[PDB]
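In: Kindly return the folded structure for what I paste below:
(6 chains)
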Amino acid sequence: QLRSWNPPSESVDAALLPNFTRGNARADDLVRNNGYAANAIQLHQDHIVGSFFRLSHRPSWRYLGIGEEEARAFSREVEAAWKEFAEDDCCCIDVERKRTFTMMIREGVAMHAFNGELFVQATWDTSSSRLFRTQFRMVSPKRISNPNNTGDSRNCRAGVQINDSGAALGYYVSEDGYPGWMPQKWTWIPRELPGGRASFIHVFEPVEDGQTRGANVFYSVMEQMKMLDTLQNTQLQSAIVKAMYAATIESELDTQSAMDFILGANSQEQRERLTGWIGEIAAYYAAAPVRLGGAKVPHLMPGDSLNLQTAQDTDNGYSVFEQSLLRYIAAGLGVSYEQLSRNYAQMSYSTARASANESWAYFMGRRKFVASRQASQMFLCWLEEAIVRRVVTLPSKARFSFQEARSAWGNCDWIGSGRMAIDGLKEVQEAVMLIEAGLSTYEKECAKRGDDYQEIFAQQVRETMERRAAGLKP
Amino acid sequence: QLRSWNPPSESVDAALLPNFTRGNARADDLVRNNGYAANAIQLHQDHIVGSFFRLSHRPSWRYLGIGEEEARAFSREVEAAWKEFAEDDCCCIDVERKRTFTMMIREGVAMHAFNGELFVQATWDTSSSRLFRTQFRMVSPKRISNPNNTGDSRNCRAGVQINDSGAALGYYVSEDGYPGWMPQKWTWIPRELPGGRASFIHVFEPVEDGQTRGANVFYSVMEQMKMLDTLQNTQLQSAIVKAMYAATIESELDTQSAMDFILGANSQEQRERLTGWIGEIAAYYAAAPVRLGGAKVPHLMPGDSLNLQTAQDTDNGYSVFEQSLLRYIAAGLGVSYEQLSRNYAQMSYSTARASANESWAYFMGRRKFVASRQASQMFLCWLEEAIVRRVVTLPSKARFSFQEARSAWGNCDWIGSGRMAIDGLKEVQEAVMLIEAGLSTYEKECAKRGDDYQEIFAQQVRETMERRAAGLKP
Amino acid sequence: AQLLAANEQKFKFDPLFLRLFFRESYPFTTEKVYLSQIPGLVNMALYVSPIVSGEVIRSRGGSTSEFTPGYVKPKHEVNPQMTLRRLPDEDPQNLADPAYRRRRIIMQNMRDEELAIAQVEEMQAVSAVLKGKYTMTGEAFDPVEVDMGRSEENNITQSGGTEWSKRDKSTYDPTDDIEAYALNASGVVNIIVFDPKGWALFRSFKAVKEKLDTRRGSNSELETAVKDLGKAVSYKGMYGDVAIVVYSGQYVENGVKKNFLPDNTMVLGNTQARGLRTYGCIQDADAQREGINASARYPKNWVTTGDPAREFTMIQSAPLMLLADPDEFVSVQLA
Amino acid sequence: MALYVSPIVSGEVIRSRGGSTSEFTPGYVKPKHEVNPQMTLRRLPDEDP
Amino acid sequence: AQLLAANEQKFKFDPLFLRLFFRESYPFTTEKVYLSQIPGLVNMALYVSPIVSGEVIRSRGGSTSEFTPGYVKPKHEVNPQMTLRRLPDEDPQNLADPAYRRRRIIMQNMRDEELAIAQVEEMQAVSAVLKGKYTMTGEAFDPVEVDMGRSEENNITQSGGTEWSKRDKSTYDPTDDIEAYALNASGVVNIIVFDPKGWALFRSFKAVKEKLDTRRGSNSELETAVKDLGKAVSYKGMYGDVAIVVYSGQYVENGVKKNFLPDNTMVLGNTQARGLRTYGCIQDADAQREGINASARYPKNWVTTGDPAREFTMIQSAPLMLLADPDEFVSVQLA
Amino acid sequence: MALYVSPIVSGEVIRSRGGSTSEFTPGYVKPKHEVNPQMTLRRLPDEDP
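Out: Residues are numbered from 1 along each chain as shown, chains lettered A, B, ... in the order given. Let me share the structure:
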């Protein structure tokens, strides 16, 4: 079985890139034919981004000498601008003109999960319906190959032109293949502009040094493919052969030496004996009507029957095989099957909350690992455009210029899915302890709750004043 | 079995579009013959929209410089207008004149679930029974094919005319096929008007770039089809063969060499022996009446019987096969079977509330992903019409014009199904904690409760004053 | 390939034979006709003494109970390449539809089919009540003669002795011959349906022409039957006591057309003679697994995949209609 | 319109049996007239001239 | 069973007959060829007086408009039991795939299919422009002779009178015969393509060998055509004014192989002679309901369920290619 | 590679046409050598011995 799937013995990058197309193609096959990939990407979406992905700008006020109040007001301005620019209802923020920021993050994270890499391009849109002429078009991974599909070279390696030190200079984007009859032409695309401008945002997780591509799926999913095939076929055979039945006719006849002599005489010159016996047996079956049930017994003149003696008859064991292996690959691939297909077998209280909190912290890990890159890159490009357009005003006491301290000025964090609910009592006792001991700040409280302290305080002011005015109890 | 269903190895869009008609047709077959699709669409309806889908208009007052109080009063006016326009009792808001806003959302979400896409068209009704001359007619997905059913082309691709960059310009709507004998003629329909007017609302979820169609169902449901078939047939065979019985007659007779010699002599020239024996056996069965029960033993003269020796006799295993696979595809397709067909097997407390809260948050995900598009599009069209008719008054200090900031002015959110009830104690301890710590605002409190803070306060005023007047206890 | 239920005609217009003499349909779940199985006429006289009752009465064991029904299963194509029968100006846009063209062309095809089986059944009927013999025959099939048992006095001939042509065209009355042939008919004769020239030389006698009543004098539903099938049955009028009819029906064979009726023939008998329509097995897997093994007819529309990758309409039947009493009709060849 | 098939399987496909001569010119007749309202017409007896 | 679109070849390499003389394709929605329907050459001289214009001009009613196209529909199996044509070392792991083996084996099967129809079409072409007669024939099919009308002076023979073999191998010049046969050809001849030994005894004359130019002197795209089909067309060179070619193509029949060309034959005519490729109906339900009744070729991959429960590739066509002017070429049998 | 079928139905199944002689012994050649690291080898000019 190791024949149809073969690992070379070498560093992972040189063991994957030669068989990149086959592994990725069979990955496409399984993610299309199989529901597990859809469920996994959907849960990753709903744990990492969830409803939305919220920007929070925190310029390094302490290091830059900027006042915290000026930083906070400038952040208010940039947050209002960014939310109003992102909430465009006409899907107009993409060059394809059919994806908002939500689906920017969606397709980016999905493709960085599947192929391990995502490709964003900051292009200059001309549609004047918005103040900001920068859109972000996502680039397929099929596009990145060496110019004219040539094999890897000295410095042109699977489509990326690098130096001897590996520094990613640029890329050869092959032309799109949709419809299925466009030819591919390779075009030069630099990774970033010299001034720090993020033109081609290439975010991938390298497992080792010098690696150019991300992680796969199929190269650990062939075994589900062939287990589902084998369980499927074995259930089919079991079902079809629980009551397969042979309906033949035998007789006494069979006078050993006499039967053999009759057969030999028929073979030599006395076939009339066989013809007469066949006629008698045909008359037998047409005067009997030899019929078993609703159907006719298949015509068998005496002396021939099937021997449907069977193989071993122990239990198939597939039960504990499949539970063990589903277990196995479930906290292999990472998301547990007791919800990837939802068993409720013997699961208990500590079971539930321990599994939930470890899995949720681990999704927080993946979120902070493979979402903040895209978030910061897009925010940096948008903030550069805003500074170009003088939408928001930089602090006058800027210790470093915007172009010099884009990292310092464009320092930001992002908020993923909403408020976690698992037990209730858990979150509420945590909340009461934090609010009584002061062990929670504005920033981490809002991180835990998916809200904002400024708005909760303003709305509590509104709550109290409306209760006082209408006669309610604050 | 892989013969009657075949995946190509290619990108998903080019692997689905060539076999679009067959997959969709067998999807129709299974959603019509099978109850699971009906239950799934019904639960999706009752989790996403539920009773109703409530509009809430929040123009970006902070960014536009609009006062929050003016924004709130303008929102009050637009909400009153929208509710009174939507509550039309004569089903008159559609061109078909037989669906209200509720069934707009219903059919839209159902078709965007089945085919992955929904097609709305903003048409100018002439029926003067309402102030607003805009209706929204939904367009079938069968209509979108290339002009005269031609195969995909360079830029005309499965009915959508796009550019090289993929931008969806317009569509070729084939003529309706009901009654089953109208010919199809393809008509041009642009996606949107240049001024931002949403004429042809085409909302679909693209799994990858350049994809034009949504997701399927059958391409993961063929296995339920053939498992239900195999379990059905195997139960039928098991039931019919638990007591199938062969009723033949044998005798001692059978003098080996003598019987063979008699048969050979009969075959050659002595058939009178066989005739005499048959006569004797007929007299035997007519003087015995050989009868077993209520029925006659089927006529078998001696020397011939059926050999109903069986196949293996181990348990079929279908029990744990079917539990494992129902498990499997249940949190595949997404909604758990312990309610898609309702098992109560060994299910526990943490089981219940963990499963319920994760599934409900995930339905909140689907709701915010595939309902807000249609909601915002319809609201934008209706608000544009209202501004045309001067029903509601835009703020005088508009920083941007309506046509320029339709996204900013027409910023809105929507509320789906009503107040979730699962445990009681859970929701009430959450409510008491939020109302004591102030950790809940007007907007998210009303989101959690399915109510409105303004109306709860006004009705609490009414409550207190009526209790005071009538003598009750506020 | 369209469903079984697309078999609606409401067109049963057989020429007064299978609908009036041969109503007695017996479709079977078994191949042959078993006249012993059919009760036919029941042993219908004996009673029992006023003390106890007698033995059990059965179907009285018909002597011959083995003949081969005419299992006829023809077919045609309904390929949507033709322009069809266009009834005057009912919106040819639906003919432009392949759906409507295909459905009404299967309508046309199948109606041709049952009228084909009806016309071959009428040839069987005319053979049956003209000689008592029927030729169950066809290529790659043995010719079985199915005989009801028509007697010699039911086959007596007018040309024997004195012919009506060789008689006085003015004074001779063929009524004498009418009762002469009617007496040995095991009943009363009330229709004198002729073939055309047979009625011609019948009426050539004056006595006939001033004995017959041209008036309606509506006797029975035979006038209604003629009004229905105004094609080939012609109600000449009353001959006084008896009705005068002429059948000039024609069958259009492989390359030519010719009348059903021979040159000059007659059958004298009742309008209520007993006619059996025994029907054999229907050899179609669909028919067996849905229980149409015992029925009249079976249509289907069905697609062939492969070499003859096409779509056809298939009609299957197995009639072996006969007459219970061959002696009921006297068959005479005329002058 | 004669042949059947054996009681095991069925035979070939039957077509429109290829008429030997299939090419003649129909009499495409298109005449016309004028209906110029200068005549007194056929007056059916006294239906309100 | 794979879709219709899996019919990509980009391999059109017919031997200069159906691509150079017979470009004039006419696939029909109707069975036969109707030469009256084809405009062919248009009545192309008369004008009208400078006052008004004249009558309506039609397709000038071809006298004979009824011949049977060669509706050829062969098939094969692509059963994944073979090891296939393995192009050198392109990853036989995909051959190990039943999917890739089946798709490239349907590729191989279908390409064999169109080259089969192409070679039978080339035999039709060689019959056509060698005698003006074509034998539309096959078992269980009547042999129709389809004649373009090649005249007697287009069938005059070299062996008549004095043979080139019976001439001086050194001093005799066959150019005189060249214009003798070219004059009654209704045009100019610019290719003198021979069969091999025909060109052998042609060049046996010295005058030929010091009159011919071996040089390229590239006249037209015929050199490009030879470079394309370097298989069986051989550009001998220039004979000065005219091009010298030799065709040695061979067809591999049921048990043996033999050349297309007879022993010693010639056709004198132009490279731009008008060749018709009339195409009949395609008898495939798929073709009719998707409108491929009027086309060149039709492939399909399709599964049979039942007795021959297998899967096949089916190719269907109906060519009746002929020559518009049979008098354009003079057909001569050589010494 | 020649025969077609009549325009009514199609014909039989075509096979690999049974080569008369189908039995010869391939030249199964399996040689070997040693690569014992005791030699000085082919030194392409001055690529870092």
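In: Okay, helices next: where are they in chain C?
Out: Using DSSP state H, the helices found in chain C span residues C:93-96, C:98-131, C:175-183, C:196-203, C:206-211, C:222-228, C:285-289.
In: now the stretch 1-150 of chain A
Out: Remark: helices assigned in the stretch 1-150 of chain A by DSSP state H, counting those that start in this stretch are A:12-16, A:20-33, A:35-48, A:61-64, A:68-86, A:101-114.
In: Might you enumerate the residues of chain A proximal to chain F?
Out: Counting by Cβ under 8 Å from any Cβ of the partner chain, chain A comes close to chain F at no residue. Backbone N, C-alpha and C define where each C-beta goes, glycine included.
In: what about the strands in chain A?
Out: A:54-57, A:117-124, A:134-138, A:156-157, A:160-162, A:168-173, A:187-190, A:200-204, A:249-250, A:412-415 (DSSP state E).
In: Can you redo the ones you listed as CSV, where the extra columns are mean neighbour count and distance to chain B?
Out: Converted to CSV, the strands of chain A look like this (neighbours: other Cβ atoms under 10 Å in any protein chain shown; distance: least, Cβ to the nearest Cβ, whole Å):
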stretch, mean neighbour count, distance to chain B
strand A:54-57, 20, 14
strand A:117-124, 19, 10
strand A:134-138, 20, 6
strand A:156-157, 17, 24
strand A:160-162, 20, 20
strand A:168-173, 19, 13
strand A:187-190, 14, 13
strand A:200-204, 20, 15
strand A:249-250, 20, 6
strand A:412-415, 19, 14
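In: Could I get these in CSV, plus columns for distance to residue F:14?
Out: Shown next, in CSV, are those (distance: least, Cβ to Cβ, whole Å):
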stretch, distance to residue F:14
strand A:54-57, 69
strand A:117-124, 51
strand A:134-138, 52
strand A:156-157, 50
strand A:160-162, 52
strand A:168-173, 48
strand A:187-190, 50
strand A:200-204, 53
strand A:249-250, 40
strand A:412-415, 67
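In: closest one to residue A:90 among those?
Out: strand A:134-138 (12.5 Å; Cβ to Cβ).
In: Can you list the strands that that closest one pairs with?
Out: strand A:117-124 (antiparallel) (DSSP bridges).
In: how many degrees apart are the partner strand and helix A:101-114 in direction?
Out: 150 degrees (axes from the mean of the first three to the mean of the last three Cα atoms, to 10 degrees).
In: who's in contact with strand A:117-124?
Out: Contact partners of strand A:117-124, identified using Cβ atoms under 8 Å, 6 or more residues apart in numbering or on different chains, comprise A:95, A:104, A:107-109, A:111-112, A:133-141, A:143-144, A:189, A:197-204, A:213-214, A:374, A:377-378, A:381.
In: Work out the gap between it and the centre of the chain.
Out: Relative to the centre of its chain, strand A:117-124 is centred 20 Å away, using Cα atoms, centre = their mean, to the nearest Å.
In: need the helices for the stretch 301-450 of chain A, in chain order.
Out: Going by DSSP H, counting those that start in this stretch, the stretch 301-450 of chain A shows helices at A:318-333, A:337-340, A:349-370, A:372-389, A:406-409, A:425-437, A:442-449.
In: Just the closest residue of the stretch 151-300 of chain C to chain D, please.
Out: residue C:254 (5.4 Å; Cβ to the nearest Cβ).
In: what's the neighbour count on that residue?
Out: 7 (other Cβ atoms under 10 Å in any protein chain shown).
In: I'd guessed it sits against residue D:1; true?
Out: Yes - contact criterion Cβ atoms under 8 Å: residue C:254 and residue D:1 qualify, at 5.8 Å.
In: In contact with the nearest residue to residue A:326 once chain neighbours are set aside: list those residues for me.
Out: What sits nearest to residue A:326 in space, not counting adjacent residues and going by Cβ to Cβ, 6 or more residues apart in numbering or on different chains, is residue A:337, at 5.1 Å. Neighbour list for residue A:337: A:326, A:327, A:330, A:343 [criterion: Cβ under 8 Å, 6+ apart].
In: For residue A:330, see how far away residue A:337 is.
Out: Note on residue A:337: its distance to residue A:330, by Cβ to Cβ, to the nearest Å, is 4 Å.
In: same check, this time on residue C:203
Out: Taking Cβ to Cβ as the measure, residue C:203 falls 100 Å from residue A:330.
In: returning to that earlier point: relative to chain F, how far out is the residue nearest to residue A:326?
Out: In this view, residue A:337 and chain F are 49 Å apart by Cβ to the nearest Cβ, to the nearest Å.
In: go on, residue C:202?
Out: To chain F, residue C:202 is 52 Å away according to Cβ to the nearest Cβ.
In: Tell me, how many residues neighbour the nearest residue to residue A:311 once chain neighbours are set aside?
Out: In space, and not counting its chain neighbours, residue A:311 is closest to residue B:312: 7.8 Å by Cβ to Cβ, 6+ apart. Residue B:312 has 15 neighbouring residues, counting by other Cβ under 10 Å.
In: Who are the contact partners of residue B:312?
Out: A:241, A:242, A:310, A:311, A:313.
In: Spell out for me the ChimeraX command that would select the buried members of these.
Out: Selecting the buried subset of the contacts of residue B:312 in ChimeraX, with 16 or more other Cβ atoms under 10 Å in any protein chain shown as the burial test, is done by:
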select /A:242
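In: would you turn the contacts of residue B:312 into TSV with distance to residue B:435?
Out: Output for these, formatted as TSV (distance: Cβ to Cβ, whole Å):
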residue	distance to residue B:435
A:241	65
A:242	62
A:310	70
A:311	69
A:313	66
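In: Would you point out the most distant pair within the contacts of residue B:312?
Out: The largest distance within those, taken as Cβ to Cβ, falls between A:242 and A:311 and amounts to 14.3 Å.
In: and the residue of chain A nearest chain F?
Out: Counting by Cβ to the nearest Cβ, chain A gets nearest to chain F through residue A:154 (16.0 Å).
In: Contacts only, for that residue.
Out: With Cβ under 8 Å, 6+ apart, residue A:154 has no contacts at all.
In: From residue A:108, how far off is it?
Out: 31 Å.
In: gap between the residue of chain A closest to chain F and residue B:71?
Out: Going from residue A:154 to residue B:71 by Cβ to Cβ gives 62 Å.
In: again, but for residue A:8
Out: Taking Cβ to Cβ, one finds residue A:8 at 64 Å from residue B:71.
In: try residue A:377
Out: Taking Cβ to Cβ as the measure, residue A:377 falls 33 Å from residue B:71.
In: closest point of chain A to chain E, which residue?
Out: Relative to chain E, the nearest point of chain A is residue A:4 (7.3 Å; Cβ to the nearest Cβ).
In: Pretty sure that residue sits against residue E:98.
Out: No - Residue A:4 is beyond contact range of residue E:98, at 11.7 Å (criterion: Cβ under 8 Å).
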